[PDB]
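Below, in structure tokens: the form deposited in one PDB entry, a single chain.
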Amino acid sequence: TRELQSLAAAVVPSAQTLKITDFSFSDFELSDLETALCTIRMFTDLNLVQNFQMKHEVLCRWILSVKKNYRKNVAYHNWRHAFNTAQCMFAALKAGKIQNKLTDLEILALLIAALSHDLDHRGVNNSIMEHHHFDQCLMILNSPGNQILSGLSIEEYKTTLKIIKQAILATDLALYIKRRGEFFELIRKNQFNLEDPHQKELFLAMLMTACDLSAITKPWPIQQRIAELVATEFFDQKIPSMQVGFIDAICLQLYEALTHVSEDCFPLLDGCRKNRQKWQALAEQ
């Protein structure tokens, strides 16, 4: 309750001051409270506080509870990863022109899902996992003092909840592989149409996965430090080769396809390539 005090009072700087619009954004320099201000700003400049009548102290308390339910002792799957998946989500919506293709509940749900998609992650040394993630997301969203969706109507609330659930489950890399063939097939032959409700949900699943792994598209010194955070989880509880395989099989074709839909999502495709080149050179010693 001490943390709520200093955050609920502080003035939330502009999105441009916080740089959360760059695809090339990083969070190392930021304290925990600074990531909270950036989170409020994301909600704010996505017109979410406006359209859904969010009270400032509920959002502050909701963010701090989401942060609380990540585990600082887990190397990579922590609030910083949740914060970053939400930031790239923001950068994709604004800097990537993607905002206009989605309804407000779709954007309000994508952002809530991005922030919550890994809640209570113990580390990979322990879609089962993602159902627990959504349950955590649901508990806090209904915890008293945190109900940021209270301004929503009943069928507004029902819709947002369903989209939140789909998106947290979408972060399952298994479901990504199952459904990405249809997304790639559709973009392959000018057949992609968002007005089809099915193609829209499929796209939301792809967009979540694109932000979930967006650390691979970062500037090399940041992506290298994140890849270090990843290794600390994996064995501390070779690397350049596994990185190229991960990029080859998982990341590249997705960011390729997202670049087709939004040519301003290209920094993610480009940054992923620049990291593949660096990882490929290293893999050869």
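The first residue of the shown sequence is 1; numbering continues from there. Only the largest set of C-alpha atoms that superpose within 1.5 Å between the two forms is called the rigid core.
The same protein also has a form deposited with a small molecule bound, omitted here; what follows describes it.
Q: Is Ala75 part of the interface with the small molecule in the deposited bound form - any heavy atom within 4.5 Å?
A: Yes.
Q: At the 4.5 Å heavy atom threshold, is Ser116 in contact with the small molecule in the deposited bound form?
A: Contact with the small molecule, no.
Q: Counting only non-hydrogen atoms and a 4.5 angstroms cut-off, does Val58 reach the small molecule in the deposited bound form?
A: It does not: once the small molecule is placed as it appears in the deposited bound form, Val58 has no heavy atom within 4.5 Å of it.
Q: If we define contact as a non-hydrogen atom of the residue within 4.5 angstroms of the partner, is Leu229 a contact of the small molecule in the deposited bound form?
A: Yes, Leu229 sits close enough to the small molecule in the deposited bound form that at least one of its heavy atoms falls within 4.5 Å.
Q: Have a look at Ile222, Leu37, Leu48, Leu252 for me and say which one sits with a heavy atom within 4.5 Å of the small molecule in the deposited bound form.
A: Looking at the other structure, the residue within range turns out to be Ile222.
Q: Considering the small molecule in the deposited bound form, which of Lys94, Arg71, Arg80, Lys200 comes within 4.5 Å of it through any heavy atom?
A: The residue in contact is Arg80.
Q: Heavy atoms within 4.5 Å of the small molecule in the deposited bound form: which stretch in 40-48, 60-68, 256-264, 25-33 meets that?
A: Careful reading of the contacts points to 25-33.
Q: Scan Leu204, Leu102, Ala75, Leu161 for the one whose CA shifts by 2 Å or more between the shown form and the other one after superposing the rigid core, and name it.
A: Meeting the 2 Å or more criterion is only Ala75.
Q: Does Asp120 show a Cα shift reaching 2 Å between the shown form and the other one after rigid-core superposition?
A: Shift of 2 Å or more: yes.
Q: For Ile247, is the CA shift between the shown form and the other one at least 2 Å following rigid-core superposition?
A: No, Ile247 moves less than 2 Å.
Q: Taking the rigid core as the reference frame, tell me whether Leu33 has a CA displacement of 2 angstroms or more between the shown form and the other one.
A: After core superposition, the displacement of the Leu33 C-alpha between the shown form and the other one stays below 2 Å, so no.
Q: Comparing against this form, do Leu173 and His132 have their CA atoms pulled together or pushed apart in the deposited bound form? The difference is 3 Å or more.
A: Relative to the displayed form, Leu173 and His132 draw closer in the deposited bound form - a change of at least 3 Å between their C-alphas.
Q: Work out the direction of the Cα-Cα change for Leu110 and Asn73 in the deposited bound form: closer or farther than in this form? It's 3 angstroms or more.
A: Distance between the C-alphas of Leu110 and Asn73: shorter in the deposited bound form, by 3 Å or more.
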